[PDB]
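Trainee: Chains as they are written, first to last, in PDB author numbering: chain D, 24 to 113; chain A, 22 to 113. Cβ atoms here follow ideal geometry from the backbone N, Cα and C, with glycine treated the same way.
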């Protein structure tokens, strides 16, 4: 009836992270490869985290050609990474 | 009654003034985002654009708002984390 998924051990297609980076970096050209990997590793700046999450949210809320098999892992990325805001303050 | 009730997100208490503050900030940025749409979103987001706007206000409060009370951080992050989940089935 109901399935519980741990977003932390959920597989993420490499092509999704690549797409996500491409979209975020087009929007914010100063958001480079190195900063993207540091975000995946551990968010360390609230404004950068904000822009990272906002690109993922745009992809989920506006992008009409997002492959449907990216919806679950991309949503899990949003839910997982938003958690860093508890300690990461302006 | 509404002052004494403990609402929870993922078993974490969400202070009632936090929901009021969230609504006030969201509604100030988007005056057409009324109380009824706010309550519907709370019950079940039904529009990906409206949910996007709802989440972006909460993310703004966490990322930019310097005077957000400290004890609001965990419940508000909970709300972000939980309401984002609706995107799995809610498509543009």
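State the beta-bridge partners of residue 52(D) as determined by DSSP.
Mentor: None; residue 52(D) has no bridge partner.
Trainee: Report the residues of the region 51-77 of chain D with a CB closer than 7 Å to any CB of chain A, ordered along the chain.
Mentor: If the cut-off is 7 Å between Cβ atoms, the region 51-77 of chain D has 69, 70, 72, 73, 76, 77 near chain A.
Trainee: Report the rounded CA-to-CA distance for residue 86(D) versus residue 25(A), giving the unit in angstroms.
Mentor: The alpha-carbon atoms of residue 86(D) and residue 25(A) are separated by roughly 42 Å.
Trainee: Using a Cβ-Cβ distance cut-off of 8 Å, determine whether residue 31(D) contacts chain A.
Mentor: Closer than 8 Å: no.
Trainee: Does chain C have any CB closer than 8 Å to the CB of residue 109(D)?
Mentor: Looking for chain C here will not work: the only protein chains present are D and A.
Trainee: Can you tell me which of the three DSSP states residue 103(A) falls into?
Mentor: Three-state result, residue 103(A): helix.
Trainee: Which residue marks the beginning of the alpha helix (DSSP H) containing residue 110(A), and which one marks its end?
Mentor: Neither: residue 110(A) is in no alpha helix (DSSP H) and is coded neither H nor E.
Trainee: Roughly how many whole angstroms lie between the Cα atoms of residue 82(D) and residue 91(A)?
Mentor: Each residue's alpha carbon lies about 30 Å from the other.
Trainee: Would you check if the region 31-38 of chain A and the region 94-109 of chain A touch, i.e. whether three or more CB-CB distances between them fall below 8 Å?
Mentor: Cβ pair count under 8 Å is three or more, so yes.
Trainee: To the nearest angstrom, how far is the alpha carbon of residue 108(A) from that of residue 84(A)?
Mentor: Cα-Cα distance, rounded: 21 Å.
Trainee: Between residue 45(D) and residue 77(A), what straight-line distance do the alpha-carbon atoms span, to the nearest angstrom?
Mentor: Cα to Cα, the separation comes out at about 21 Å.
Trainee: What does the alpha-carbon distance come out to for the pair residue 57(A) and residue 66(A)?
Mentor: Rounded to the nearest angstrom, the two C-alpha atoms are 12 Å apart.
Trainee: Strictly by DSSP, which residues pair up with residue 29(A)?
Mentor: Paired residues: 34(A).
Trainee: Between 42(D), 89(D), 50(D), which has its C-alpha nearest residue 71(D)'s C-alpha?
Mentor: Comparing Cα-Cα distances from residue 71(D) to each of 42(D), 89(D), 50(D), the minimum goes to 50(D).
Trainee: Can you pull the chain A neighbours of residue 95(D), defined as C-beta to C-beta under 7 Å?
Mentor: Ordered by position in chain A, the residues that pass the 7 Å Cβ test against residue 95(D) are 109.
Trainee: Considering residue 69(A), what are the terminal residues of the alpha helix (DSSP H) in which it resides?
Mentor: Residue 69(A) -> alpha helix (DSSP H) spans 69-84.
Trainee: Measure the beta-carbon distance from residue 59(D) to residue 47(D) and round it to whole angstroms, keeping in mind my assumption that it falls under 8 Å.
Mentor: Yes, they are in contact, since the Cβ atoms of residue 59(D) and residue 47(D) sit about 7 Å apart, within 8 Å.
Trainee: For a quick check, are the C-beta atoms of residue 105(D) and residue 53(A) less than 8 Å apart?
Mentor: No, Cβ-Cβ distance for residue 105(D) and residue 53(A) is not below 8 Å.
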